[PDB]
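Input: a single structure, listed below in structure tokens.
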Ligand code: CLA
Ligand code: CLA
Ligand SMILES: CC1=C(C/C=C(\C)CCC[C@H](C)CCC[C@H](C)CCCC(C)C)C(=O)c2ccccc2C1=O
Ligand code: SF4
Ligand code: SF4
Ligand code: FES
Ligand SMILES: [Cl-]
């Protein structure tokens, strides 16, 4: 997973569970949730992006 | 009094003892065959007790005392 | 093609970096060897508040700045859209509150 | 008192701390996110339960949860 | 140019129409969810949020006022056109006692022309209850061409009003110094709007209305009457009617005013022919109040030294310059209130809405008892509709007054501006105000309604000697009975020797009956009237409690000390502190809308039943009055059961038995109002999270069919669900009463 | 009156009992439901597709309501 | 039948004529089924099979037209086309929406009318 | 039974279906939904989850039995 | 008048024209037999 890859969310408590969002930037600082995923569909609080781990993402489109 | 004519007699639930009634309400809640204000029973227990054998007030009192003692047993 | 100049008193320097129309300044700043404060990258905090000295940015996705606070020049550099270039202040979260 | 729990999806944006009307929350060093901060709730005996901290949280789902618990005279917000 | 105060920008652009939300910064973001759609119409007119300059807001308000005046002129044009094309006005002009006013015909579509009822004279239409015919008869109209001319004039005025609003914003808009000239505005409105307006209407009455009405009452047919300009043109024709017009305008300048005492009468009763007030007495009224209002308009210093300055009068009303018992308002008094009222539009709107609603209620209470138009009091549907309509308008306006008193608090109130003055000192003891209002509401609720419950229990027990009746424990309103006696003694041939009749026959005096039916007669006040007036006092007081509580605690309270930071319209502050649901001032306007409903509904019910059982009826040849429900207010309106049986169950005979008749639309609207009332309770009892979680399943079912939409479907917000529930409750519950009143009065007269 | 009262009595008791059935079905899923003891069985299988059940109850409700109300209003 | 119904003629020969009872009481009485109250009752039999098809089946076409015009307009979209209805794409989804009956069976077999279980958001 | 029976049976069908909708929705969303994923940690009866996320009034499973009592009564 | 056409394509304007255009069946329910039962067409 790196910038541009479309990913499906595997987090049950996420608003975008089983939804495809684009990776914005991956942090190489060794933090727990480094991947920033951005969504075309906003959540209830008014937020369209979130930090996920790599273990709760499934790549569905390699970046072109 | 109701088992003699269960079509033209209204079953009675119990008696009224509201001291706040005027005599116009004491008269209104007193039927033809009663000497006190009463409530007309609409629970159907008269029909049920008449269909299962109960014929007298002594039968009803015996059943009530049995159920009092059965509640004590429970 | 746009040119954004980030000014920071701490670093005491004005480095310019071109940013694409459809691209966040902070996101474009990461792909140009430049460090900036950022926490949520969603427009729901004030960690990347950059006062606008001149120019105009497209921050329609931002959802935290106040009407009177956005008139001062503050603009979340995390969910901002570089329309041109001009210049913008960095690390201005202490001036917000 | 209410229970205010902070989870490791916290990003140290401080917005929960700034939104608290009763000063329950503060920031502590973490090195578990790149801000280096995480919220904490020591003065949770002061918590009224307004959940302004939860409204201020940007993470999905919330990195801060308030569980309304035993009511005291402080959590009921009583000046009498 | 003439006062050097305009030069406004905001060029008339068209592109700015295909970008909704252009006024708000977050509204012009990009929709995203559905809450944006509802947010578009939730603060569309709130010009205070849009910008920050007071001058731009004032300019916008001025042009919005002009556009509103244009809308009202379009409505007036429509009413005059309906009276000039789809009405039986001429037929009613011929016989206004046997013909039913009608100004609306229904097209012959599906089952639909049954609503066209026979109105007398072969006219198949809908019986209007707006009082337009009775108003046009009193103004001086005789034929429909004059109504058509008035309609065209009102349409021209509407076009002129939408040009004045575009010219005073897009071409030459005023400066803020012009809007802040409250001295000049008060002078002109008091002398030029009210004073000259009533003077011009007195001129109209003296030269058009009084002639036409005098000939109409004499017996002349409506098209046998001369047109108004002949009354104006030749003085011989006008001197036949009045012998004081032979001396022209000479006795006025030489101060011989009793010469004019035959068209400026001071009778003070009702015309026996029509039933309305004495037309000469009306003209004399308008002359006197023109002289009073014009004289009142020379009070405030404008550009010439003489006058008052309202700022000086406000700043001097303070201790130790007050009456000694009124000296509790301290040494600042009303010092910062001239700057409150000349810089806050919401403060002005709050005062003006309170006065406008109160004055609409005063209009309602003065036009049933002193019927001011010919053949008005005998058309009971019109009397009912006018009283009821003006009570509802007054109540809504009064609720909006509290709404804007709360918007002033959260937004326009400045603590540093007004320190230790009356506004600061009210906010500084509001616990005393609110707790004493709580106690008086409780005292009034026990001593009005629980007495009705006492009466129900005593009547069901069969002990009516124990009741609060006129035959049981009497509760005579001795003070109002004494005022009624003073009013009928005053008018003797005393304390008002000039008047012949009582100011209304409602106080005392005699009986005016017109066309067999009663125009007006004394309204006796007994124990039932005591009880229902205390119901009115109780309901008005709880409405005041609900509304004033939100105004006084709009800034902060003991619960939430920073409520002004949360806004004026916010749902809550979470489930903490026990749960702070509906703490905003807006939620108090929400809860006071219900209490204004409950207050005005009982007022209109009291009016309907009391007037229908103790005034309205049918006088026979001898003089005996057979009232409509038969004088059953004095014994049935003292229990709740008699209100449900002898008023609601009995008088709704005409609205539910209306199917198949011409009043069937009223039965349909009666059921429709019940539907909308019940449908409101879905929004009022339920909460937002249920509906958002059910929309989740519906969105899942949509995603599975690939019928997903970009605008994300969200449940109505908390305060929006409250607003929707309140609007539906009010609409259905008022449409129900409207259908009940109008079907009843269109069937039994 | 006895017949009417008895029918209405038992139908309201039955509606309340049916309301409490679903109340304690919810309280079970809150308090006692074990997602691992009930792994991929019928109960956990109806919890999985619960949006289909809720949307189809919603469709039946909407169809019935629109048609019945519109027929009555016509 | 309504023609031979003895109670249906007391609303025949005593009613307003107009143009809502004169050109409607006929065709109705010729081809309806009344009971005992003189009221047409909508029956569901073999004679109604070619009678109830024109309310039932012809409503299904227009309802599916609306539902497929609302679909084909909304797959080709992005939050400004719901506010400001793009009349060109609306006409494009109306022209295809006319013969939506065929297109609907050309989606179920191809598997592009239903979405996968893992490509649709769910809840805990 | 006649035509007036068909409509009221469809009204009874509507009523049972909407009451079942409310109760089934609140039982199946008792453990959590998309608006409140961890709803099982807050219990069966709890007021709300505050005014965040648009507002969460009547979000608990107890509030479904609350909202369906009106529909059962109707 | 560039965005005057766009404002006439807005949701409320399309809504009002759609309701009046589908609801103009006044002329369809008056032209032939203003009462049309299920079994009569
Ligand atoms: C001020 C008004 C008032 C008051 C105080 C009363 C008082 C009384 N009435 Mg009366 N009534 C009234 C108005 C009033 N009435 C009117 C206006 C009428 C019309 C004329 C009547 C007609 C009437 C009739 C026909 C009867 C009465 C009776 C009674 C007595 C019943 C209480 C009792 O003795 O046993 C004590 C029991 C209680 C106080 C129980 C109530 C307390 C709890 C809260 C309810 C029960 C618990 C629980 C919640 C309910 C069970 C579960 C439930 C969910 C099913 C009582 C003295 C009855 C009687 O005479 O009894 C011998 C009788 O049959 N009244
Ligand atoms: C019939 C229904 C009903 C009743 C009885 C009430 C009663 C009350 N409302 Mg209320 N309200 C209602 C409907 C009702 N409301 C609805 C439908 C709404 C929807 C918007 C509201 C919204 C509302 C608001 C916003 C407010 C109230 C307030 C009040 C209180 C007013 C003070 C008072 O009257 O003292 C007298 C008490 C009564 C009239 C209650 C009945 C008392 C009976 C007649 C006597 C009982 C005898 C004896 C004590 C019984 C003892 C028996 C023993 C066994 C217990 C009062 C308790 C206001 C308040 O708090 O005032 C201070 C307040 O601000 N209401
Ligand atoms: C029913 C209900 C809802 C649901 C109501 C909603 C979502 C609004 C219903 C309006 C519908 C969805 C109309 C919108 C449809 C489109 C505009 C399309 C209409 C078609 C025309 C263009 C012809 C709430 O959100 C709510 C919130 C808080 C308290 C109580 C309640 C409440 O009772
Ligand atoms: S608001 Fe949320 S993400 Fe930000 S510091 Fe507080 S708990 Fe962490
Ligand atoms: S129930 Fe609703 S209004 Fe009340 S505190 Fe909770 S979110 Fe706020
Ligand atoms: S990094 Fe949080 S809003 Fe910018
Ligand atoms: Cl009674």
Legend entry - Alpha-carbon Rg/Rh ratio, for the range E:479-608, with Rh computed the Kirkwood way: 1.26
Inset, instruction - Run through every distinct alpha carbon pair of chain G and return the Kirkwood hydrodynamic radius in angstroms, one decimal place. - result: 19.3 Å
Legend entry - Gain on full stretching of the segment that runs from residue E:180 to residue E:53 - 0.36 nm per residue minus C-alpha separation: 44.3 nm
Legend entry - Within chain F, helix-based [θ] at 222 nm, where runs of 4 or more DSSP H residues each add -39,500 (n - 2.57), nearest 500: -28500 deg cm²/dmol
Inset, instruction - Report the dimensions of chain D along its three principal axes from the alpha-carbon atoms, largest first, rounded to Å. - result: 44, 21, 17
Legend entry - residue E:453 versus residue F:8: modelled label distance in nm, points set 7 Å from Cα along the beta carbon direction: 2.4 nm
Inset, instruction - Over the Cα atoms of the protein assembly as shown, compute the convex hull volume and normalise it per residue, giving Å³. - result: 284 Å³
Legend entry - Calculated FRET value between residue B:42 and residue E:420, using beta carbons and R₀ = 45 Å, to 0.05: 0.05
Inset, instruction - Would you compute, from DSSP H runs of 4+ residues alone, the mean residue ellipticity of chain E at 222 nm, taking -39500 (n - 2.57) per run and dividing by the full residue count, rounded to the nearest 500? - result: -16500 deg cm²/dmol
Inset, instruction - Can you quote the Å³ per residue value for the convex hull of the Cα atoms in chain F, rounded to an integer? - result: 131 Å³
Inset, instruction - Count, for each residue of D:7-17, the Cβ atoms from other chains sitting within 10 Å of its Cβ, then give me the mean as a whole number. - result: 5
Inset, instruction - Bin width 5 Å, alpha-carbon pairs only: give the P(r) of chain C as whole percents, running from 0 to the bin holding the largest distance. - result: 3, 15, 29, 29, 18, 6, 0
Legend entry - Computed label-point distance, nm, for sites residue G:23 and residue E:261 using a 7 Å Cα→Cβ extension: 7.1 nm
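Ranking request for peptides I:24-30, B:34-40: highest mean number of other beta-carbon atoms within 10 Å first, then the rest in descending order. Working shown, then result.
Numbers: I:24-30: 11.1, B:34-40: 13.0.
Ranked by mean Cβ neighbours within 10 Å, highest first: B:34-40, I:24-30.
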Legend entry - Cut-off 18 Å (backbone N to label point 7 Å along Cα→Cβ of residue B:52), residues of the range F:1-26: F:3, F:6-7, F:10
Inset, instruction - Using a cut-off of under 14 Å, list every residue of the range E:591-615 whose amide N is near the label point 7 Å from the Cα of residue E:511 along the Cα-to-beta-carbon line. - result: E:613-615
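What ranking of E:273, A:7 emerges when the number of other C-beta atoms within 10 Å of each C-beta is taken as an exposure proxy, fewest first? Don't skip to the end; give the middle numbers.
Details: E:273 14, A:7 21.
In increasing order of surrounding Cβ atoms, one gets E:273, A:7.
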Legend entry - For the range E:9-70, the fraction of alpha-carbon pairs in successive 5 Å shells from zero, as %: 4, 15, 21, 25, 22, 9, 4, 0
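I want the antiparallel fraction of DSSP beta bridges within the protein assembly as shown, as a percent rounded to 5. Provide the component values of the computation, followed by the final result.
On the way: 48 of 54 bridges.
In the protein assembly as shown, approximately 90 percent of DSSP beta bridges are antiparallel ones.
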Legend entry - Efficiency of FRET between residue E:95 and residue E:68 - r from beta-carbon atoms, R0 51 angstrom, step 0.05: 0.85
Inset, instruction - Give me a single rounded figure for A:5-15: the average over its residues of other chain Cβ atoms within 10 Å of their Cβ. - result: 4
Legend entry - Distance (nanometres) between label positions extended 7 Å along Cα→Cβ at residue E:321 and residue E:648: 5.5 nm
Legend entry - Sites residue F:71 and residue I:25 - FRET efficiency at Förster radius 22 Å, r taken between beta-carbons, to 0.05: 0.70
Inset, instruction - For the range E:678-720 and the range E:361-417, write down the distance between their C-alpha centroids in whole Å. - result: 38 Å
Legend entry - Pairwise centroid distance, computed over Cα atoms, of chain I with the range G:67-82, Å: 21 Å
Legend entry - Inter-chain Cβ neighbour average for residues H:61-73, partner chain, 10 Å: 5
Inset, instruction - In vacuum, with every alpha carbon of chain E counted as one equal point scatterer, what does the Debye formula give for log10 I(q)/I(0) at q = 0.07, 0.10 Å⁻¹? Two decimals, please. - result: -0.64, -1.38
Legend entry - In Å, descending, principal axis extents of the Cα set of chain A: 29, 26, 18
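Note that each Cβ is placed from the backbone with ideal geometry, even for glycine, and that neighbours are counted across all protein chains shown. Any read-out appearing in this document is the output of simple, stated calculations on the displayed coordinates, not a laboratory observation.
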